[PDB]
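One structure below.
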Amino acid sequence: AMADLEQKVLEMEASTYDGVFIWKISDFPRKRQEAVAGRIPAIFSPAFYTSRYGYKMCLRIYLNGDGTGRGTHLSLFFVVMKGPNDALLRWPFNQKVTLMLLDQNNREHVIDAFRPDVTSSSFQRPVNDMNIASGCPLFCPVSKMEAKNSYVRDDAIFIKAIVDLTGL
Amino acid sequence: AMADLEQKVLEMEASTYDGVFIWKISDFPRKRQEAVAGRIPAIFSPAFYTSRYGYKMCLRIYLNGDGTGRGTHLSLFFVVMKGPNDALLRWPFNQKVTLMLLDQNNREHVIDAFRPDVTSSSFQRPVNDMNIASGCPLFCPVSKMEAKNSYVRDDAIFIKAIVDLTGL
Amino acid sequence: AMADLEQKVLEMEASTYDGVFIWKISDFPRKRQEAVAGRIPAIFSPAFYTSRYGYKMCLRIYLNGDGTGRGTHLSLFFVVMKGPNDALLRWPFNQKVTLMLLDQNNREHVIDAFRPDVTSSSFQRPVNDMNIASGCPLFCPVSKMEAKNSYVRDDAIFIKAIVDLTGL
């Protein structure tokens, strides 16, 4: 209950309530290796929300890829989580989501966006803590970022997510 | 102790600073019974604020009623609390307050509102931790909500408070 | 230890993310003496930010003065701190800053403002936890506030900082 409180505090510290989230991933080189090695393929980010009492969401990343991108790309996914106020929200979750890998030279960010499918189980009201993730298996070529460039800086990268709030 | 810190974290986690607060009350059936039994007549909600450094407030609810509503209605009250920045605020507190019991079918919420009386002890600058509560003794007939309907769902209800910020 | 987590909780509780910060200093008389006595000349305030992922900053105050104000005035300084997202921000920090000592009678606040100098090391990207502070050595005559008046009330004063967000 100390790592539980510690974890809670850590979660609160990272939460945002306007649909915009910036996830700094430090110790990049080590985590990158742990992915390549197959020890820790993926990492979950802290949770964030669409509004003070809105949808609860988090991100999941595979530094060395997943599925169609396994070993060739950085795969990034969006996750709808069971939120405390789900009973008050509209389902399925259907807000457009934009995912980005920030260029720390601020000249060319890697960006992609997707429209949730109303028929996918990924966006129905959560029964478990997290619904099945969905996103970009081929988000970024390992060569592009990682292998230097301006995405990795001082052994860290920044992932940014923007959830369109239209209709909320 | 660890109970002190843990309590602070919970408070911080529930705080809002824009005059809007949604209070989710879980274990509704049990709490409802504890009120009917007379063991725990009322419950206080976590605190929320009108602005980052605004008035501090909380709600107090009697699942089996208080005063004129005892045994017949759900009584809901508003409470002005001693805030850390009270010295910088205007007194008496005189913002219009709207109290709601949310319909989880989102079609017919129970709603009431009141205008604080500048002559009431309930709204003067707090001397004690909490001023005398003020609100709605006959907020909602026990029959309406509670006894099924669409207010209680999966053993929980949602109370919402909106403090008008005109002039702040 | 616990003091580590307790400290983090304290910092989170005080943080703001819109460039506006109000610092309540309690036990004023005692702290004032500790300054006059030379035991504790300065005090740092909790940190606050320009935006959710913006610059990290704090204030430093000398209740009995510093440098040109030592012994005659209250000296107040602004501090740019190493922030978690500095890599994504523009450097040097060059936002106009307004510092205030609030009149609790709300009629005459002590106010001053300054323009960061793009050539000062105080505003370059932080290498250490905190850059050199800069601000107002002659912010307020010890006679004005402190010595009574309406700045000190119930043994407390309020310092307010407003960071102009133009261009951010």
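If you're wondering about the labels, chains in the structure tokens are A, B, ... by order shown, residues count from 1 in each chain, ligands from 1 in order shown.
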Closest pair table for stretch 25-106 of chain C residues within 12 Å of stretch 88-92 of chain B, only C-alpha atoms, as a Markdown table:
| residue | atom | partner | partner_atom | distance |
| --- | --- | --- | --- | --- |
| C:102 | CA | B:88 | CA | 8.7 |
| C:103 | CA | B:88 | CA | 8.8 |
| C:104 | CA | B:88 | CA | 6.2 |
| C:105 | CA | B:88 | CA | 8.4 |
| C:106 | CA | B:88 | CA | 7.8 |
Name the residues in contact with residue A:13 at a cut-off of 12 Å, using only C-alpha atoms, excluding same-chain residues fewer than 4 positions from it; report them as a list in words. residues 6, 7, 8, 9, 17, 46, 47 and 48 of chain A; 9, 12 and 13 of chain B; 5, 8, 9, 10, 11, 12, 13, 14, 15, 16, 52 and 53 of chain C
With distances taken over only C-alpha atoms, the candidate from A:168, A:74, A:3, A:80 nearest chain C is A:3
Strand (DSSP E) call set, DSSP backbone run, chain B, as a compact mmCIF listing (two decimals) with C-alpha atoms, in the first residue's frame:
# COMPACT_ATOMS: atom_id res chain seq x y z
CA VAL B 20 -18.42 22.07 -11.01
CA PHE B 21 -18.29 18.85 -9.01
CA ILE B 22 -19.60 15.35 -9.71
CA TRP B 23 -19.81 13.12 -6.65
CA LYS B 24 -20.06 9.40 -7.35
CA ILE B 25 -21.45 7.49 -4.39
CA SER B 26 -20.70 3.76 -4.62
CA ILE B 43 -22.06 11.67 4.40
CA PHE B 44 -19.73 14.54 3.43
CA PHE B 48 -14.03 21.47 -4.51
CA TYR B 49 -13.45 25.14 -5.40
CA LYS B 56 -13.74 26.00 -0.60
CA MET B 57 -16.97 23.99 -0.51
CA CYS B 58 -18.32 20.44 -0.08
CA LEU B 59 -21.69 18.69 -0.04
CA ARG B 60 -23.51 16.77 2.67
CA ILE B 61 -26.13 14.16 1.88
CA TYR B 62 -28.67 12.22 3.97
CA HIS B 73 -36.75 12.21 0.98
CA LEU B 74 -33.11 12.32 0.01
CA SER B 75 -31.82 15.54 1.60
CA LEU B 76 -28.83 17.29 -0.01
CA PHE B 77 -26.91 20.26 1.42
CA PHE B 78 -24.23 22.73 0.34
CA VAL B 79 -21.39 23.62 2.71
CA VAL B 80 -19.03 26.62 2.69
CA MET B 81 -15.71 25.56 4.25
CA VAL B 97 -25.86 26.99 -6.45
CA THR B 98 -27.47 24.21 -8.47
CA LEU B 99 -27.71 20.69 -7.04
CA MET B 100 -28.47 17.60 -9.15
CA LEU B 101 -29.14 13.87 -8.85
CA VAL B 110 -33.50 15.76 -10.35
CA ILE B 111 -32.56 19.41 -10.13
CA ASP B 112 -32.95 22.25 -7.70
CA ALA B 113 -31.10 25.49 -7.13
CA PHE B 114 -30.83 28.17 -4.49
CA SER B 134 -27.68 24.94 3.71
CA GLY B 135 -29.68 23.28 0.97
CA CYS B 136 -32.60 21.03 0.07
CA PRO B 137 -34.29 18.95 2.84
CA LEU B 138 -36.84 17.71 0.29
CA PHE B 139 -34.43 17.31 -2.63
CA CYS B 140 -35.81 13.98 -3.93
CA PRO B 141 -38.56 11.58 -2.79
CA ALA B 156 -24.15 3.81 -7.52
CA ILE B 157 -25.58 7.31 -7.95
CA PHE B 158 -24.04 10.56 -9.14
CA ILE B 159 -24.60 13.90 -7.46
CA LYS B 160 -23.63 17.04 -9.36
CA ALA B 161 -23.10 20.58 -8.08
CA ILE B 162 -22.66 23.67 -10.22
CA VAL B 163 -21.72 26.95 -8.61
How many Å separate atom CA of residue A:115 from atom CA of residue A:96?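 Going from atom CA of residue A:115 over to atom CA of residue A:96 covers 4.7 Å.
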Between B:122, B:45, B:85, B:68, which one has atoms that come closest to chain C, using only C-alpha atoms? B:85
